[PDB]
There are 8 protein chains.
Amino acid sequence: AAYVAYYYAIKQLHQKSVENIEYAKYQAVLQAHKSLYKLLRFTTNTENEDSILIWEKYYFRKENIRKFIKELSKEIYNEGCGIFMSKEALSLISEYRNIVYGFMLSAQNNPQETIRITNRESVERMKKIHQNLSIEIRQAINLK
Amino acid sequence: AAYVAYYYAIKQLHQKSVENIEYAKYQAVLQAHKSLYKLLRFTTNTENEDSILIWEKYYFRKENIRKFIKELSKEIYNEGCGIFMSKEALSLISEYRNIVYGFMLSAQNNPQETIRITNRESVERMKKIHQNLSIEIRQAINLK
Amino acid sequence: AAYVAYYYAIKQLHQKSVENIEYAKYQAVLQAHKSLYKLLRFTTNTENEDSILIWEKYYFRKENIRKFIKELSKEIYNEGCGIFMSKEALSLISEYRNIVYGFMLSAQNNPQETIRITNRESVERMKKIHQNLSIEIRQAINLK
Amino acid sequence: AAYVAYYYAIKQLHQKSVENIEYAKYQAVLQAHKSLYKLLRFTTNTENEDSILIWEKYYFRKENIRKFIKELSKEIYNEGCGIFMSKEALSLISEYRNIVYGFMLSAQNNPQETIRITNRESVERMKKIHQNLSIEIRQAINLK
Amino acid sequence: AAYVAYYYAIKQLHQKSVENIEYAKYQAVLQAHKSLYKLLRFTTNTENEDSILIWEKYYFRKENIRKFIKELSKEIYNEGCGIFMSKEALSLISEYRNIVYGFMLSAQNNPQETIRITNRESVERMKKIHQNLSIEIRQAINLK
Amino acid sequence: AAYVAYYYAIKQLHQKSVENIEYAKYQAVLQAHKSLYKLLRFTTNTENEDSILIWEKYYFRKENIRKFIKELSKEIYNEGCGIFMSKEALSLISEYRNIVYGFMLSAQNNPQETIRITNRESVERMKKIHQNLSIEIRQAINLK
Amino acid sequence: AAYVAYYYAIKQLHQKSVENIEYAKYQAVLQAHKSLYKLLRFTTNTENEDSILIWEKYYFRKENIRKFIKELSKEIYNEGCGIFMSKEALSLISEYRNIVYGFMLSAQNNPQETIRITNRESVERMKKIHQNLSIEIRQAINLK
Amino acid sequence: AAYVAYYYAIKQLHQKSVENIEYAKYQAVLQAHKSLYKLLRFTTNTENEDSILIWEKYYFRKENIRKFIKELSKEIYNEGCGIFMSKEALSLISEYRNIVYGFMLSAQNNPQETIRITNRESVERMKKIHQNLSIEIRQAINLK
């Protein structure tokens, strides 16, 4: 029993470092995701001040894709968010980026803004990413 | 008894790390709701400097709906409030938004500001949302 | 005894979360009321730089009611005070607001500033609200 | 005696929770009085850069009473001092205010600054208030 | 023994909140005296950039007395130092002030700066105050 | 048992002080790497606003190498990152630097921007460094 | 041991916040000396951007003595360093000051800058003060 | 055992106060070295934006020695680094300074920038100092 107690004593305090450090990392994670969430306004399935896609009854793309790409670069790298976010969150963002980026590449000599999307697979996939990404960000700080 | 004591010890400290993270999240929640509350001035059932609806004795809408939508976007996404608020609070805000947004869409070539509302269901629903939303925000930080 | 010990331990530490979070909320309450108190200068029964009512021997209203309404909106909503204040404090403020607001609505084409009040019930009620509100704010942070 | 052991412990841990709030309030009190003390320069019985009363050997009043009233309004209401100060401190300040305010009201078409006081009761009462107020402020933060 | 235990516990924890508050006051005292010390440059018995008295072999007064009085008013009242300093420190400062103030009052139509002091009692008393005041300030924060 | 107790106590508390310093260093490490991560945008294998290499289907270099070198100098030395990063992270950065630096040295009288790379070994090595460096930075703060 | 228990416990706790206050004072001492150290650049026995004395093989004085005196006044009095420094540190600084000050007083109608020192006792004493002062400042914060 | 207990208690708590002061000093040391490290860019054996020595295959000196001396003065004295750094770190910096300073003194009427070094002993010694200094700074904060 005495031997077990001593082990608990060292294991318990030791766990003191984990109690103290784990906290510091959590606080950094909380800020990294708090600042990432705003990026989701571009991926919304509701109308907004900006958005990427506009609903009609359709699904026209906007040139706000340029704003999305710039906000994306700042949050993932310049603000350091990429460190505290999971591989799943990064994968979902990367796929979304390629869908909207691809759209702009096809537009080329874009005949004004607001361009109709005829392949609905891209539309449905963007909506699914929004839901999966919103959940992955929301639960990033909800594990305690 | 000794075996149980060890289990209680581990539960007790382990709970220490949870004691320090739950606190950090609470403080973030408190700030997220403190900054959201101001949005409620637009939904008030009393007279105010601005408001959306004006009482007369009929429930005329104001063009302050534009201020509401802009303040809404900033608080939910740019300031990160959407992370720390419940699904019920978001649902209530979304419904309210659609009622006032719809009103503006009907106005189109709006014949000046201050437009009468003839369908009282929208008026009564907006008031009920104000009460439910005010309570949901108020209790967000009142669970300890 | 053993059952009480571990049961006592769960009741105790657990109370550790309440010991901390309760503290964080208290500090927010203290600031919310510290910033609300200044609003009371408008409701004073003594002379001041501004005030609403001026004593003579009377009770003339001033146009400083406009300053009161603007300060009121900022403190209750923009600064988030409304969250940390009781229903009684809000009820007292709301009644006061309606008394002074009503006065201004009656004035309409106001024949200059400083207008006599002939119905003393409003005068006595405003003074009583000042006393009740001053106490309700003062005791908001005095429960420990 | 298990119940007895449980009692004292609950009283103590509960007292630790109360220990964390009493501290927070003390710190607010300390700042509220630190900023109030400067107001006393106007009530001094010694010569100063400004003061209210000037000694000669008679007790002439200065027009610095206007500075006193403005500083008084700011400290009691705008800075929130009125919350953390006792009724005795407020009573003493209020009486002083009325003595100097009354003086200015009598002056009316004031024949320049520096006006002699012929009723020595006001002079002696102002000095006594200075001493009582200086002590009441000084001891506000000296109870531990 | 049992009676002392619980009685001892009430004496102990209770002291805990009081030990905290004592800490908060100490820190305020430390800052109040740190900012007061600079005032002593005017009372030095060595040469300096400014000083009040200049040594020659004499003891000529400078018009820097005006700087002293202004710095004195700011530190004792505007910065709140007067709260955290002892009666002895205030008495010593007050006497010094009256010696230098008196000198200026005698100068009247001052025949330029740098005026000789012929009564050496004032010179020796100012030096003694410097030493007593320097010690009283230095020990203000040295009691633990 | 007694010998282990006091010996255990010396091992324990002693650690306790080490529980704090380890924490302070961790927090510094976390910030040093948070600010280093942004440097990785230059080494990405995806398209970006800037990047070094552009994908086509060939691996053309950009003159953004100048931005990379300047950002590198600031993060490693001026911001002090070099202290809190491992030898492996520094080795990987140094090799990358020499690959891109060498490229620029070969360009000399560079025939405009966007220059093709014909030796694919450099291309594949840069991609491998990106992956190894991204992991080494990511795990720098993940050891608790 | 029972007698020691209660008395020992009171002595122990009592010490508790005295260790706290000791901490607060230490931190103030650390800052006071951190800001004093820079003053030593003037007393160096090596070449520098400024210095007081320049080595040649000599020992010419510079007019940088004026910079020394001004920096000295600011650090000892305006920044409050004089409180947290020992009598030995102050004595060493005072002697140094008088050596360089005396030099300037002898120069009078100074025949340009860079004046040779012919009495080597002053040169050797200044170097010895530098070493003693450097040690006294360095050890001021090294007693734990 | 009883004697060891109370004796052990005096050894223990006592240490406890010191485990807060040791912490405070560590944090100051960490900052002092974090800000010193940047100085090493001048001593690097790799190419850089500035550097002192440039590699060719040689070892030409640059006039950036002036930048080195100015940065050196600021970090050792004005920022207070000299307090928290070891004698070995200071000795290594001093020797380096004299090597580069000497070089500039020999240059005199310097025939433009970029001057070849023909005595390789200075070149090899500067590189060795870089390695020894880099290690001494790096380990300054790595003893826990």
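Numbers at a glance
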{"quantity": "Cβ-Cβ FRET estimate between E:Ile117 and H:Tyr23, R0 fixed at 60 Å, reported to 0.05", "calculated": "0.70"}
{"quantity": "The stretch G:1-79 versus the stretch B:71-111: alpha-carbon centroid distance in Å", "calculated": "59"}
{"quantity": "Sorted largest first, extent of the stretch A:73-144 alpha carbons per principal axis (Å)", "calculated": "50, 27, 16"}
{"quantity": "Using a Förster distance of 30 Å, the FRET efficiency for A:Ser94-H:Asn142 (Cβ separation, nearest 0.05)", "calculated": "0.20"}
{"quantity": "Computed helical MRE - 222 nm, chain E, DSSP H runs ≥ 4 contributing -39500 (n - 2.57), nearest 500", "calculated": "-19500 deg cm²/dmol"}
{"quantity": "Ratio of Rg to Rh over the protein assembly as shown (Cα coordinates, Kirkwood Rh, two decimals)", "calculated": "0.99"}
{"quantity": "Estimated D of the stretch A:65-111 in µm² per second, where Rh is the Kirkwood radius over Cα pairs and Stokes-Einstein applies at 4 °C, 1.567 mPa s", "calculated": "111"}
{"quantity": "Sparse-neighbourhood loop sites, GluC sites (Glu not before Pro) in the stretch D:84-144 - DSSP loop, at most 12 other Cβ within 10 angstrom", "calculated": "D:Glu113"}
{"quantity": "Stokes-Einstein D in µm²/s, Kirkwood radius over Cα pairs - the stretch C:2-141 at 25 °C with 0.890 mPa s viscosity", "calculated": "141"}
{"quantity": "Hull shadow area, averaged, the stretch H:1-53 [alpha-carbon convex hull, nm²]", "calculated": "5.7"}
{"quantity": "Selected from C:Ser73, B:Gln12, A:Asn20, residue furthest toward positive end of dipole (the protein assembly as shown; charges at beta carbon)", "calculated": "B:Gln12"}
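No value in this document is a laboratory result; all are computed from the given coordinates. FYI the Cβ positions are ideal-geometry reconstructions off the backbone, even for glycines, and counts take in every protein chain you see.
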